[PDB]
Structure formats: C-alpha cells, structure tokens
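data.pdb follows; it contains PDB, C-alpha atoms.
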ATOM      1  CA  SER G  17     120.003 135.836  89.595  1.00  0.00           C
ATOM      2  CA  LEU G  18     120.137 135.473  93.378  1.00  0.00           C
ATOM      3  CA  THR G  19     120.738 132.218  95.227  1.00  0.00           C
ATOM      4  CA  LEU G  20     118.095 131.980  97.927  1.00  0.00           C
ATOM      5  CA  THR G  21     118.529 129.504 100.764  1.00  0.00           C
ATOM      6  CA  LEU G  22     115.400 127.473 101.483  1.00  0.00           C
ATOM      7  CA  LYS G  23     113.930 126.874 104.933  1.00  0.00           C
ATOM      8  CA  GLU G  24     113.664 123.221 105.968  1.00  0.00           C
ATOM      9  CA  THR G  25     110.149 123.485 107.399  1.00  0.00           C
ATOM     10  CA  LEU G  26     107.468 126.142 107.907  1.00  0.00           C
ATOM     11  CA  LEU G  27     104.447 126.279 110.218  1.00  0.00           C
ATOM     12  CA  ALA G  28     101.777 128.319 108.470  1.00  0.00           C
ATOM     13  CA  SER G  29      98.178 129.479 108.710  1.00  0.00           C
ATOM     14  CA  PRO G  30      95.597 129.337 105.950  1.00  0.00           C
ATOM     15  CA  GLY G  31      96.101 131.910 103.197  1.00  0.00           C
ATOM     16  CA  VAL G  32      98.516 132.537 100.365  1.00  0.00           C
ATOM     17  CA  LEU G  33     102.141 131.377 100.562  1.00  0.00           C
ATOM     18  CA  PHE G  34     104.847 133.676  99.216  1.00  0.00           C
ATOM     19  CA  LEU G  35     108.504 132.976  98.413  1.00  0.00           C
ATOM     20  CA  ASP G  36     109.619 135.154 101.383  1.00  0.00           C
ATOM     21  CA  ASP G  37     107.922 132.644 103.717  1.00  0.00           C
ATOM     22  CA  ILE G  38     110.177 129.768 102.597  1.00  0.00           C
ATOM     23  CA  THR G  39     113.506 131.614 102.303  1.00  0.00           C
ATOM     24  CA  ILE G  40     116.054 132.520 104.981  1.00  0.00           C
ATOM     25  CA  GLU G  41     116.775 135.967 103.474  1.00  0.00           C
ATOM     26  CA  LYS G  42     114.174 138.740 103.086  1.00  0.00           C
ATOM     27  CA  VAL G  43     112.661 138.887  99.602  1.00  0.00           C
ATOM     28  CA  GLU G  44     109.823 141.114  98.426  1.00  0.00           C
ATOM     29  CA  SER G  45     107.344 139.241  96.224  1.00  0.00           C
ATOM     30  CA  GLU G  46     103.616 139.452  95.637  1.00  0.00           C
ATOM     31  CA  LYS G  47     103.022 136.374  93.480  1.00  0.00           C
ATOM     32  CA  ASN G  48     100.911 133.483  94.784  1.00  0.00           C
ATOM     33  CA  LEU G  49     102.993 130.338  95.201  1.00  0.00           C
ATOM     34  CA  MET G  50     100.521 128.035  96.979  1.00  0.00           C
ATOM     35  CA  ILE G  51      96.987 128.223  98.395  1.00  0.00           C
ATOM     36  CA  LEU G  52      97.393 127.151 102.015  1.00  0.00           C
ATOM     37  CA  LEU G  53      94.370 125.229 103.408  1.00  0.00           C
ATOM     38  CA  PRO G  54      93.891 124.318 107.020  1.00  0.00           C
ATOM     39  CA  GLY G  55      95.239 120.984 108.285  1.00  0.00           C
ATOM     40  CA  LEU G  56      97.069 119.998 105.078  1.00  0.00           C
ATOM     41  CA  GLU G  57     100.790 119.384 104.511  1.00  0.00           C
ATOM     42  CA  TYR G  58     102.636 121.088 101.668  1.00  0.00           C
ATOM     43  CA  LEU G  59     105.880 120.267  99.919  1.00  0.00           C
ATOM     44  CA  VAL G  60     107.470 123.084  97.938  1.00  0.00           C
ATOM     45  CA  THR G  61     109.565 121.429  95.238  1.00  0.00           C
ATOM     46  CA  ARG G  62     112.396 122.657  92.995  1.00  0.00           C
ATOM     47  CA  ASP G  63     110.187 121.939  89.982  1.00  0.00           C
ATOM     48  CA  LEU G  64     107.605 124.347  91.428  1.00  0.00           C
ATOM     49  CA  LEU G  65     110.310 126.952  92.001  1.00  0.00           C
ATOM     50  CA  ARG G  66     111.754 126.494  88.487  1.00  0.00           C
ATOM     51  CA  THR G  67     108.246 127.188  87.125  1.00  0.00           C
ATOM     52  CA  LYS G  68     107.348 130.171  89.328  1.00  0.00           C
ATOM     53  CA  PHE G  69     110.795 131.776  89.565  1.00  0.00           C
ATOM     54  CA  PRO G  70     112.997 130.475  86.708  1.00  0.00           C
ATOM     55  CA  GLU G  71     115.229 133.550  87.065  1.00  0.00           C
ATOM     56  CA  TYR G  72     116.489 132.615  90.548  1.00  0.00           C
ATOM     57  CA  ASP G  73     118.616 129.716  91.784  1.00  0.00           C
ATOM     58  CA  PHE G  74     117.832 127.862  94.994  1.00  0.00           C
ATOM     59  CA  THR G  75     119.973 126.158  97.605  1.00  0.00           C
ATOM     60  CA  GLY G  76     119.187 124.286 100.838  1.00  0.00           C
ATOM     61  CA  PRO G  77     116.926 121.227 101.337  1.00  0.00           C
ATOM     62  CA  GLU G  78     115.342 119.448  98.363  1.00  0.00           C
ATOM     63  CA  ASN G  79     111.851 120.517  99.403  1.00  0.00           C
ATOM     64  CA  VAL G  80     110.301 122.857 101.961  1.00  0.00           C
ATOM     65  CA  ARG G  81     107.755 121.147 104.229  1.00  0.00           C
ATOM     66  CA  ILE G  82     104.812 123.345 105.288  1.00  0.00           C
ATOM     67  CA  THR G  83     102.243 122.457 107.946  1.00  0.00           C
ATOM     68  CA  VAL G  84      99.089 124.583 107.915  1.00  0.00           C
ATOM     69  CA  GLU G  85      97.299 125.055 111.247  1.00  0.00           C
ATOM     70  CA  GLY G  86      93.552 124.399 111.469  1.00  0.00           C
ATOM     71  CA  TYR G  87      90.825 121.915 112.320  1.00  0.00           C
ATOM     72  CA  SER G  88      91.347 118.549 110.669  1.00  0.00           C
ATOM     73  CA  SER G  89      87.961 118.143 109.000  1.00  0.00           C
ATOM     74  CA  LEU G  90      88.898 119.202 105.482  1.00  0.00           C
ATOM     75  CA  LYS G  91      92.054 117.020 105.639  1.00  0.00           C
ATOM     76  CA  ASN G  92      90.001 114.049 106.867  1.00  0.00           C
ATOM     77  CA  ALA G  93      87.431 114.497 104.094  1.00  0.00           C
ATOM     78  CA  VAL G  94      90.197 114.890 101.510  1.00  0.00           C
ATOM     79  CA  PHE G  95      92.145 111.829 102.808  1.00  0.00           C
ATOM     80  CA  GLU G  96      89.004 109.674 102.926  1.00  0.00           C
ATOM     81  CA  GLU G  97      88.391 110.636  99.284  1.00  0.00           C
ATOM     82  CA  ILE G  98      91.971 109.954  98.104  1.00  0.00           C
ATOM     83  CA  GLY G  99      91.718 106.558  99.859  1.00  0.00           C
ATOM     84  CA  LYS G 100      88.717 105.665  97.691  1.00  0.00           C
ATOM     85  CA  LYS G 101      90.153 106.769  94.330  1.00  0.00           C
ATOM     86  CA  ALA G 102      93.743 105.657  95.010  1.00  0.00           C
ATOM     87  CA  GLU G 103      92.838 102.244  96.552  1.00  0.00           C
ATOM     88  CA  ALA G 104      95.257 102.938  99.423  1.00  0.00           C
ATOM     89  CA  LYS G 105      95.105 103.349 103.219  1.00  0.00           C
ATOM     90  CA  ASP G 106      97.536 104.561 105.967  1.00  0.00           C
ATOM     91  CA  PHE G 107      99.327 106.901 103.561  1.00  0.00           C
ATOM     92  CA  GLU G 108     100.877 110.351 103.743  1.00  0.00           C
ATOM     93  CA  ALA G 109      99.878 113.013 101.195  1.00  0.00           C
ATOM     94  CA  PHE G 110     101.648 116.295 100.417  1.00  0.00           C
ATOM     95  CA  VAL G 111     100.290 119.031  98.205  1.00  0.00           C
ATOM     96  CA  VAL G 112     102.920 119.955  95.592  1.00  0.00           C
ATOM     97  CA  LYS G 113     100.914 122.291  93.353  1.00  0.00           C
ATOM     98  CA  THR G 114      97.691 124.262  93.891  1.00  0.00           C
ATOM     99  CA  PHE G 115      95.407 126.020  91.390  1.00  0.00           C
ATOM    100  CA  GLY G 116      92.503 128.412  92.013  1.00  0.00           C
ATOM    101  CA  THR G 117      91.820 131.112  94.593  1.00  0.00           C
ATOM    102  CA  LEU G 118      91.902 131.182  98.383  1.00  0.00           C
ATOM    103  CA  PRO G 119      88.310 130.518  99.499  1.00  0.00           C
ATOM    104  CA  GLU G 120      86.532 132.613 102.127  1.00  0.00           C
ATOM    105  CA  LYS G 121      85.379 129.573 104.095  1.00  0.00           C
ATOM    106  CA  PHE G 122      87.082 126.169 104.248  1.00  0.00           C
ATOM    107  CA  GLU G 123      84.060 123.814 104.203  1.00  0.00           C
ATOM    108  CA  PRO G 124      84.033 122.240 100.737  1.00  0.00           C
ATOM    109  CA  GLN G 125      80.806 121.376  98.949  1.00  0.00           C
ATOM    110  CA  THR G 126      82.315 118.737  96.664  1.00  0.00           C
ATOM    111  CA  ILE G 127      85.581 116.785  96.750  1.00  0.00           C
ATOM    112  CA  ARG G 128      86.614 115.149  93.457  1.00  0.00           C
ATOM    113  CA  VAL G 129      89.892 113.216  93.073  1.00  0.00           C
ATOM    114  CA  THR G 130      91.484 112.163  89.753  1.00  0.00           C
ATOM    115  CA  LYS G 131      94.735 110.317  88.987  1.00  0.00           C
ATOM    116  CA  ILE G 132      97.328 112.446  87.207  1.00  0.00           C
ATOM    117  CA  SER G 133     100.094 109.847  87.134  1.00  0.00           C
ATOM    118  CA  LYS G 134     101.782 107.349  89.452  1.00  0.00           C
ATOM    119  CA  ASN G 135     101.352 108.530  93.079  1.00  0.00           C
ATOM    120  CA  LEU G 136      99.938 111.902  91.987  1.00  0.00           C
ATOM    121  CA  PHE G 137      96.293 112.907  92.354  1.00  0.00           C
ATOM    122  CA  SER G 138      94.350 116.084  91.577  1.00  0.00           C
ATOM    123  CA  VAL G 139      92.046 116.887  94.471  1.00  0.00           C
ATOM    124  CA  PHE G 140      89.399 119.325  93.318  1.00  0.00           C
ATOM    125  CA  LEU G 141      87.499 121.297  95.958  1.00  0.00           C
ATOM    126  CA  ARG G 142      84.344 123.271  95.315  1.00  0.00           C
ATOM    127  CA  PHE G 143      83.543 125.998  97.722  1.00  0.00           C
ATOM    128  CA  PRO G 144      80.410 128.185  97.738  1.00  0.00           C
ATOM    129  CA  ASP G 145      82.611 131.089  96.534  1.00  0.00           C
ATOM    130  CA  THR G 146      85.450 129.497  94.514  1.00  0.00           C
ATOM    131  CA  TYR G 147      87.485 126.401  93.518  1.00  0.00           C
ATOM    132  CA  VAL G 148      90.810 124.880  94.671  1.00  0.00           C
ATOM    133  CA  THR G 149      92.725 122.074  92.887  1.00  0.00           C
ATOM    134  CA  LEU G 150      95.491 120.458  94.991  1.00  0.00           C
ATOM    135  CA  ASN G 151      97.953 118.173  93.250  1.00  0.00           C
ATOM    136  CA  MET G 152      98.908 115.735  95.971  1.00  0.00           C
ATOM    137  CA  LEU G 153     101.897 113.365  96.057  1.00  0.00           C
ATOM    138  CA  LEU G 154     101.179 110.132  97.897  1.00  0.00           C
ATOM    139  CA  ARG G 155     103.808 108.454 100.096  1.00  0.00           C
ATOM    140  CA  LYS G 156     103.803 105.298 102.186  1.00  0.00           C
ATOM    141  CA  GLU G 157     107.132 105.166 103.990  1.00  0.00           C
ATOM    142  CA  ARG G 158     107.795 101.899 105.835  1.00  0.00           C
ATOM    143  CA  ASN G 159     110.566  99.587 107.009  1.00  0.00           C
ATOM    144  CA  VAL G 160     111.143  96.929 104.353  1.00  0.00           C
ATOM    145  CA  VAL G 161     113.429  93.888 104.074  1.00  0.00           C
ATOM    146  CA  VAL G 162     116.595  94.631 102.075  1.00  0.00           C
ATOM    147  CA  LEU G 163     119.471  92.283 101.128  1.00  0.00           C
ATOM    148  CA  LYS G 164     122.752  92.423 103.089  1.00  0.00           C
ATOM    149  CA  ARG G 165     124.473  90.140 100.569  1.00  0.00           C
ATOM    150  CA  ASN G 166     124.198  88.541  97.115  1.00  0.00           C
ATOM    151  CA  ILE G 167     121.978  85.478  96.828  1.00  0.00           C
ATOM    152  CA  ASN G 168     121.433  82.888  94.088  1.00  0.00           C
ATOM    153  CA  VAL G 169     118.585  80.877  92.548  1.00  0.00           C
ATOM    154  CA  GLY G 170     117.594  78.233  95.094  1.00  0.00           C
ATOM    155  CA  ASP G 171     119.228  79.877  98.111  1.00  0.00           C
ATOM    156  CA  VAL G 172     117.283  79.757 101.393  1.00  0.00           C
ATOM    157  CA  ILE G 173     116.951  83.208 102.968  1.00  0.00           C
ATOM    158  CA  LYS G 174     118.302  83.322 106.525  1.00  0.00           C
ATOM    159  CA  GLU G 175     118.406  86.149 109.106  1.00  0.00           C
ATOM    160  CA  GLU G 176     122.012  86.906 108.120  1.00  0.00           C
ATOM    161  CA  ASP G 177     121.029  87.655 104.528  1.00  0.00           C
ATOM    162  CA  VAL G 178     118.619  90.471 105.328  1.00  0.00           C
ATOM    163  CA  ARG G 179     118.300  93.778 107.141  1.00  0.00           C
ATOM    164  CA  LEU G 180     115.480  96.279 107.593  1.00  0.00           C
ATOM    165  CA  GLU G 181     115.475  99.655 105.791  1.00  0.00           C
ATOM    166  CA  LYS G 182     112.983 102.537 105.504  1.00  0.00           C
ATOM    167  CA  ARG G 183     111.563 102.861 101.950  1.00  0.00           C
ATOM    168  CA  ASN G 184     108.669 104.390  99.992  1.00  0.00           C
ATOM    169  CA  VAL G 185     106.346 101.439  99.367  1.00  0.00           C
ATOM    170  CA  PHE G 186     104.685 103.402  96.546  1.00  0.00           C
ATOM    171  CA  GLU G 187     108.008 103.417  94.662  1.00  0.00           C
ATOM    172  CA  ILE G 188     108.600  99.661  95.009  1.00  0.00           C
ATOM    173  CA  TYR G 189     107.659  97.353  92.117  1.00  0.00           C
ATOM    174  CA  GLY G 190     106.031  94.325  93.713  1.00  0.00           C
ATOM    175  CA  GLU G 191     104.860  93.642  97.254  1.00  0.00           C
ATOM    176  CA  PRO G 192     107.645  94.127  99.836  1.00  0.00           C
ATOM    177  CA  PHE G 193     108.164  92.427 103.225  1.00  0.00           C
ATOM    178  CA  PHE G 194     107.883  94.313 106.513  1.00  0.00           C
ATOM    179  CA  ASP G 195     109.531  91.735 108.755  1.00  0.00           C
ATOM    180  CA  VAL G 196     112.526  89.404 108.581  1.00  0.00           C
ATOM    181  CA  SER G 197     110.158  86.748 109.984  1.00  0.00           C
ATOM    182  CA  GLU G 198     108.117  86.960 106.756  1.00  0.00           C
ATOM    183  CA  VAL G 199     111.063  86.038 104.513  1.00  0.00           C
ATOM    184  CA  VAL G 200     113.277  83.615 106.497  1.00  0.00           C
ATOM    185  CA  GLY G 201     112.895  80.076 105.189  1.00  0.00           C
ATOM    186  CA  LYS G 202     111.868  81.310 101.744  1.00  0.00           C
ATOM    187  CA  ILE G 203     113.738  80.167  98.651  1.00  0.00           C
ATOM    188  CA  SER G 204     115.070  82.733  96.165  1.00  0.00           C
ATOM    189  CA  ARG G 205     113.747  82.399  92.611  1.00  0.00           C
ATOM    190  CA  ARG G 206     116.651  84.521  91.363  1.00  0.00           C
ATOM    191  CA  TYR G 207     120.177  85.830  91.601  1.00  0.00           C
ATOM    192  CA  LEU G 208     119.836  89.113  93.479  1.00  0.00           C
ATOM    193  CA  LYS G 209     122.556  91.584  94.451  1.00  0.00           C
ATOM    194  CA  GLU G 210     122.992  93.317  97.822  1.00  0.00           C
ATOM    195  CA  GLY G 211     120.723  96.368  98.259  1.00  0.00           C
ATOM    196  CA  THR G 212     117.795  94.684  96.525  1.00  0.00           C
ATOM    197  CA  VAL G 213     114.456  95.329  98.241  1.00  0.00           C
ATOM    198  CA  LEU G 214     112.941  91.890  98.616  1.00  0.00           C
ATOM    199  CA  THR G 215     109.508  91.380  97.093  1.00  0.00           C
ATOM    200  CA  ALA G 216     106.964  88.530  97.106  1.00  0.00           C
ATOM    201  CA  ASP G 217     107.521  87.762  93.404  1.00  0.00           C
ATOM    202  CA  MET G 218     111.225  86.989  93.917  1.00  0.00           C
ATOM    203  CA  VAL G 219     110.879  84.231  96.466  1.00  0.00           C
ATOM    204  CA  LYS G 220     108.897  81.047  96.922  1.00  0.00           C
ATOM    205  CA  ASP G 221     107.875  78.966  99.897  1.00  0.00           C
ATOM    206  CA  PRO G 222     109.877  75.864 100.916  1.00  0.00           C
ATOM    207  CA  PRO G 223     108.457  72.593  99.459  1.00  0.00           C
ATOM    208  CA  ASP G 224     106.401  70.309 101.702  1.00  0.00           C
ATOM    209  CA  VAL G 225     108.564  67.368 100.601  1.00  0.00           C
ATOM    210  CA  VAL G 226     112.063  67.441  99.133  1.00  0.00           C
ATOM    211  CA  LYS G 227     113.702  65.184  96.556  1.00  0.00           C
ATOM    212  CA  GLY G 228     115.183  62.170  98.370  1.00  0.00           C
ATOM    213  CA  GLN G 229     113.222  62.623 101.612  1.00  0.00           C
ATOM    214  CA  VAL G 230     111.733  59.610 103.425  1.00  0.00           C
ATOM    215  CA  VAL G 231     107.998  59.925 104.065  1.00  0.00           C
ATOM    216  CA  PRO G 232     105.252  57.469 105.071  1.00  0.00           C
ATOM    217  CA  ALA G 233     103.003  56.367 102.193  1.00  0.00           C
ATOM    218  CA  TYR G 234      99.599  54.734 101.670  1.00  0.00           C
ATOM    219  CA  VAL G 235      98.494  52.356  98.889  1.00  0.00           C
ATOM    220  CA  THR G 243     101.410  51.019 104.553  1.00  0.00           C
ATOM    221  CA  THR G 244     105.108  51.864 103.975  1.00  0.00           C
ATOM    222  CA  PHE G 245     107.938  54.438 103.692  1.00  0.00           C
ATOM    223  CA  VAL G 246     109.027  55.828 100.292  1.00  0.00           C
ATOM    224  CA  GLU G 247     111.766  58.000  98.782  1.00  0.00           C
ATOM    225  CA  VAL G 248     110.659  61.093  96.851  1.00  0.00           C
ATOM    226  CA  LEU G 249     111.980  61.635  93.277  1.00  0.00           C
ATOM    227  CA  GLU G 250     111.100  65.357  93.135  1.00  0.00           C
ATOM    228  CA  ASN G 251     110.476  68.326  95.414  1.00  0.00           C
ATOM    229  CA  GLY G 252     106.754  68.837  96.083  1.00  0.00           C
ATOM    230  CA  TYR G 253     103.976  70.849  97.697  1.00  0.00           C
ATOM    231  CA  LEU G 254     100.675  69.681  99.175  1.00  0.00           C
ATOM    232  CA  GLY G 255      98.284  68.372  96.562  1.00  0.00           C
ATOM    233  CA  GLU G 256     101.018  67.792  94.051  1.00  0.00           C
ATOM    234  CA  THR G 257     101.631  64.375  92.606  1.00  0.00           C
ATOM    235  CA  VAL G 258     105.303  63.431  93.045  1.00  0.00           C
ATOM    236  CA  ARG G 259     107.060  60.338  91.623  1.00  0.00           C
ATOM    237  CA  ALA G 260     108.706  58.071  94.216  1.00  0.00           C
ATOM    238  CA  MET G 261     110.432  54.688  94.765  1.00  0.00           C
ATOM    239  CA  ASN G 262     109.453  51.915  97.247  1.00  0.00           C
ATOM    240  CA  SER G 265     111.580  48.421  98.065  1.00  0.00           C
ATOM    241  CA  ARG G 266     111.796  48.786  94.281  1.00  0.00           C
ATOM    242  CA  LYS G 267     109.140  50.171  91.900  1.00  0.00           C
ATOM    243  CA  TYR G 268     107.719  53.392  90.373  1.00  0.00           C
ATOM    244  CA  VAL G 269     104.787  54.987  92.204  1.00  0.00           C
ATOM    245  CA  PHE G 270     102.690  58.090  91.558  1.00  0.00           C
ATOM    246  CA  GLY G 271     101.849  59.730  94.868  1.00  0.00           C
ATOM    247  CA  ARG G 272     100.140  62.910  95.993  1.00  0.00           C
ATOM    248  CA  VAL G 273     101.642  64.929  98.817  1.00  0.00           C
ATOM    249  CA  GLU G 274      99.087  64.924 101.589  1.00  0.00           C
ATOM    250  CA  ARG G 275      98.787  66.686 104.924  1.00  0.00           C
ATOM    251  CA  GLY G 276     101.483  65.048 107.038  1.00  0.00           C
ATOM    252  CA  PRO G 277     103.480  64.952 105.033  1.00  0.00           C
ATOM    253  CA  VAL G 278     102.596  61.489 103.757  1.00  0.00           C
ATOM    254  CA  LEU G 279     102.431  60.352 100.149  1.00  0.00           C
ATOM    255  CA  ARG G 280      99.238  58.753  98.979  1.00  0.00           C
ATOM    256  CA  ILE G 281     100.002  56.303  96.203  1.00  0.00           C
ATOM    257  CA  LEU G 282      97.366  56.547  93.451  1.00  0.00           C
ATOM    258  CA  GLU G 283      95.686  53.202  92.609  1.00  0.00           C
TER     259      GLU G 283
END

Do you think you could lay out the structure here as structure tokens?
Amino acid sequence: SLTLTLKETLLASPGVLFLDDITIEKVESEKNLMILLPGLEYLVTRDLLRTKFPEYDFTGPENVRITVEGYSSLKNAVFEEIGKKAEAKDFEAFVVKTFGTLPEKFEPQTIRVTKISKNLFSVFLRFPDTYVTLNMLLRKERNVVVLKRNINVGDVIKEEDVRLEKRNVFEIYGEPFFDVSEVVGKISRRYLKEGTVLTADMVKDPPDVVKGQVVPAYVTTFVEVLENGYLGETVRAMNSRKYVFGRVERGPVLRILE
C-alpha cells in the first residue's frame, strides 16, 4: 500500500512499541508490535513487519535497532540465563519477537529459556501479573582471520596470506582464529579460495621433524628421517646405512627402539 521508510535506531522507554515509532513519516496505528522491557535491545525485522503489516511495503535499513532505557537488572538476569542454556558467554542478544502483555512491574519471578533453532532462544518471563516471551537472536561479532589469496593442500600459512575481518562467530562452521599469530606457521589441510574464514579444522600444526631432516639419535649418532613426524610418533629413518624405527622425542631427537 504505502512505502514507509524505517528509522535506523530508536531510543525507547518501557511500554508498547507501535509502527509510528520506527517510521520517518507519521502513521496512525494502535496494534502492539513489541513489548518493550527495560534495559533490553530490540531488532525490528522485515519478517516481523511482513507478519504484522503484510499490506505495506518497507524501505530503509534491514532492521530497526531499539534500545530501551531502564535499570540493567532484568537484562543481567536474562543474559545470565541465556548463557546457561546456550552454553555461550560474551554475546550480544536482540529481541526479534515478543508475546504476552506489558507487565505492571519489571521484576520477573521466573526466567525460563528454550532453544527455538540455531542462535534463537525463547526467553519466558513470569511476572506476578502476567507473562512475556522474548524470542532473542544471539550474536557474537568478532574479528576473524580470512584468506587474502588461494592456498593449497600442504601450504604453510604466512602473514601475507591472511587478513582480519569482522564476522558473526555464531554463523561460522568450525572454530575460527582471532589473530594472525594463531595461524602463521600452520599447514593447510585443503585447497581454499580467497574469502574463506579460516577454521581450526582446516589447518594442522607443523611437524616436529620433517622428511629428510638430520636429527641426533639414541640406540649416539645423527640420522636422516624417512617421514614427517610429531612428538611421540615412531618415524622410520636411515643411519651410515640401515633401517631404524625411532620415536620422535623432546629435542627433537630420535630414540631408536631396541
């Protein structure tokens, strides 16, 4: 019907949020969009707007970000609870849907959190007078190590291969790296293309001995390694002449078995 331009952000107070609050033009509307609770952050999405007002189109920013004024006790108690059910710490959470009524007082009796899907939790609040459910999207935005260029199986990562980029860690499959210093010296297990967020499962540590390396050995001599090897591994070797089984030991020396 109408194309309403969305505000980028809104500072609010506890109560009921209406469409007029998040649009640049004046609209009259009496329908409850969100239940605004003190100290919590809200994100009004297009999917919310398509549900509530399917008859209108919307332009502007992807989401409207709403900060509600108030003491931080409810927030704290909610965040502590999400932390326990989610497994996570140091995260941001945004309410993207609410159900229930605006309570008279904002001191919850009970706080119950259940997983809806990936990164989405239903935070149920019991108040002496009523109930609020907040559907909260979890975000952990951090600087991660991303490839500047294509790399192959067996390539050593160097500082020139990688840059740092801000990403949502909760939308990365695998454990990312937060420092170039964590990945330099590592050996790629795969052919990766530029733009690939580096994760722990794609790289391996450098070997403690390499194939062809000269190391001291105990049976009182130096040997030449037939394979790459890590500490504790038994690597085949040669030396003047013969075949020897030898474990990589702290050193790195080989210890020739028997």

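Nearest residue to residue 78 of chain G, choosing from G:176, G:157, G:36, G:24 and counting all atoms listed in the file: G:24.
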
*Would you mind listing what lies within 8 Å of residue 93 of chain G as a list in words, with all atoms listed in the file counted and same-chain residues fewer than 4 positions away left out?*
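The filter keeps residues 89, 97 and 127 of chain G.
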
*Residues returned when the PyMOL selection byres ((chain G and resi 120) around 10) runs on this file, as a ChimeraX atom specification*: /G:31,117-119,121-123,143-146

Please save C-alpha atoms of the selected residues as a compact mmCIF listing (two decimals), in the frame of the given file.
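The file below, again01.txt, is the result:
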# COMPACT_ATOMS: atom_id res chain seq x y z
CA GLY G 31 96.10 131.91 103.20
CA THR G 117 91.82 131.11 94.59
CA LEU G 118 91.90 131.18 98.38
CA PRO G 119 88.31 130.52 99.50
CA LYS G 121 85.38 129.57 104.10
CA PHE G 122 87.08 126.17 104.25
CA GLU G 123 84.06 123.81 104.20
CA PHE G 143 83.54 126.00 97.72
CA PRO G 144 80.41 128.18 97.74
CA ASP G 145 82.61 131.09 96.53
CA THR G 146 85.45 129.50 94.51

*Name the residues, using the chain letters and numbers of the file, that sit within 12 Å of (100.7, 67.4, 92.8) when counting only C-alpha atoms, and give them as a list in words.*
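Every polymer residue passing the test: residues 223, 224, 225, 250, 251, 252, 253, 254, 255, 256, 257, 258, 259, 270, 271, 272, 273, 274, 279, 280, 281 and 282 of chain G.
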
*Between atom CA of residue 278 of chain G and atom CA of residue 234 of chain G - distance in Å to one decimal*: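 Rounded to one decimal, the two atoms are 7.7 Å apart.
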
*Please provide as a PyMOL selection string all residues within 8 Å of segment 189-206 of chain G, with the sequence filter that same-chain residues fewer than 2 positions apart are discarded (counting only C-alpha atoms).*
chain G and resi 158-161+167-175+178-180+185+187+208+213-222

_Atomic separation - atom CA of residue 34 of chain G relative to atom CA of residue 17 of chain G, Å_ = 18.1 Å

Test item: axis-aligned box, all listed atoms of segment 157-168 of chain G, 5 Å on each side, centre and edges in Å rounded to one decimal, as JSON:
{"center_x": 115.8, "center_y": 94.0, "center_z": 100.5, "size_x": 27.3, "size_y": 32.3, "size_z": 22.9}

*Residue among G:275, G:62, G:101, G:156 lying closest to residue 183 of chain G, counting only C-alpha atoms*: G:156

*For atom CA of residue 59 of chain G and atom CA of residue 82 of chain G, quote the distance in Å rounded to one decimal.*
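If I compute the distance from atom CA of residue 59 of chain G to atom CA of residue 82 of chain G, I get 6.3 Å.
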
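Look at residue 110 of chain G: the protein and nucleic acid residues within 8 Å of it, using only C-alpha atoms and passing over chain neighbours fewer than 6 places away, are residues 56, 57, 58, 59, 152, 153 and 154 of chain G.
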
_The residues within 9 Å of (91.6, 115.5, 89.0), using all atoms listed in the file and the coordinates of the file, should be reported as number ranges by chain; which are they?_
G: 128-132, 137-140, 149-151

Write out, as a PDB file, in the frame of the given file, the residues just selected, with C-alpha atoms.
ATOM      1  CA  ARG G 128      86.614 115.149  93.457  1.00  0.00           C
ATOM      2  CA  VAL G 129      89.892 113.216  93.073  1.00  0.00           C
ATOM      3  CA  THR G 130      91.484 112.163  89.753  1.00  0.00           C
ATOM      4  CA  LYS G 131      94.735 110.317  88.987  1.00  0.00           C
ATOM      5  CA  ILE G 132      97.328 112.446  87.207  1.00  0.00           C
ATOM      6  CA  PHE G 137      96.293 112.907  92.354  1.00  0.00           C
ATOM      7  CA  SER G 138      94.350 116.084  91.577  1.00  0.00           C
ATOM      8  CA  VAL G 139      92.046 116.887  94.471  1.00  0.00           C
ATOM      9  CA  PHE G 140      89.399 119.325  93.318  1.00  0.00           C
ATOM     10  CA  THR G 149      92.725 122.074  92.887  1.00  0.00           C
ATOM     11  CA  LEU G 150      95.491 120.458  94.991  1.00  0.00           C
ATOM     12  CA  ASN G 151      97.953 118.173  93.250  1.00  0.00           C
TER      13      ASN G 151
END
